[PDB]
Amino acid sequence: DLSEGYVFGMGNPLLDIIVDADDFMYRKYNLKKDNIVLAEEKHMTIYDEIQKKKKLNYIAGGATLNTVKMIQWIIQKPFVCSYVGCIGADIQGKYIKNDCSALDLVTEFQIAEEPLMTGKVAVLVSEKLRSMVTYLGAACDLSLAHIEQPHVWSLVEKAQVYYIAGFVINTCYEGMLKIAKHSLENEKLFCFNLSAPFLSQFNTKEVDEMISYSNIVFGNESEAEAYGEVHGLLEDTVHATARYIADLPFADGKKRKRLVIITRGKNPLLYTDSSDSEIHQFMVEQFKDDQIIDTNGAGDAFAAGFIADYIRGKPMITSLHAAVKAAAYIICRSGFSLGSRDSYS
């Protein structure tokens, strides 16, 4: 029985535009496998280009939004989760706003001044490669002033659990930092995600600072390798990274338990904490090739699945199984599609 607004999240509300991309698209825009890049000017043509293609799938995205709204979806109790993001005054943001409302996710969306449109992600799907080109758009306009509003900040004060992806470093770092400081101050549960390799590479200061406030840190193999290399962890990078992140001092220099979970695709995930001396591996659900529909958002679902159980008192191993289940459910679906709740289990 969790109170209303028990879980709070802020991030980038984005519209995923999923397309069966031709192979030349990856060479043309210099896109890499399973990677994500913020759109530069040289990428801008990709949005009108994929628009000329048939069978586009428009579906609400945003890493933080995916996770938080699935937690709300899993819990089934109305208004247990609340989300804050910046959309634009267009039909895309209206769709995202109604999508959240449809599953009882409380939202205080900031609206970017026209004509700044809501962010969009070009999800290029092919048999050989999957890659994302993200245009943040309105999501950048997410301000501290909006968060510091009385009616908006009240959602933060009532919350006992926070989830903020590393992606929000590029849009509103002062906001997520102010909340992280509040969380650690009131001994709350702060959950953070490494989100992408480029964040550890180009925003190393912000990532490490967030970790110092985080009680639970999520990451995958590529993010662990990128993080480890930047921190000079040359030998056994992935394991050394998990240990390093768990062992980092908190901001107030107090002794707390920070949980770290590194996912590794089909391979067993790793986990440990600041008290544990060992790094444990946890096996994952095995898939046949024709069973895998779309792995995009699997990591977002994993976090949702774990947190939803963990904050309800479920043991570590039990919560890990729920996390895999959430990810596996998304894998069998195209985009971050949350179907009827009755068909989950």
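So that there is no doubt, residue numbering starts at 1 and follows the sequence shown.
Note on 90-98 vs 191-199: mean CA B-factor is higher in 90-98. For the segment pair 220-228 and 174-182, the entry gives 174-182 the higher mean B-factor, averaged over Cα atoms.
Between the residues 300, 294, 285, 40, the entry's highest C-alpha temperature factor is the one at 285. The PDB entry assigns the greatest CA B-factor among 272, 131, 149, 215 to 149.
Residue-level temperature factors show residue 332 in the middle third of its chain, judged at the C-alpha atom.
Split the chain's modelled residues into thirds by C-alpha temperature factor. Residue 153 is in the highest one. In this PDB entry, residue 57 carries a Cα temperature factor that places it within the middle third of its chain's modelled residues. In the PDB entry, a CA B factor belonging to the middle third of its chain's modelled residues is recorded for residue 72. Residue-level temperature factors show residue 242 in the middle third of its chain, judged at the C-alpha atom.
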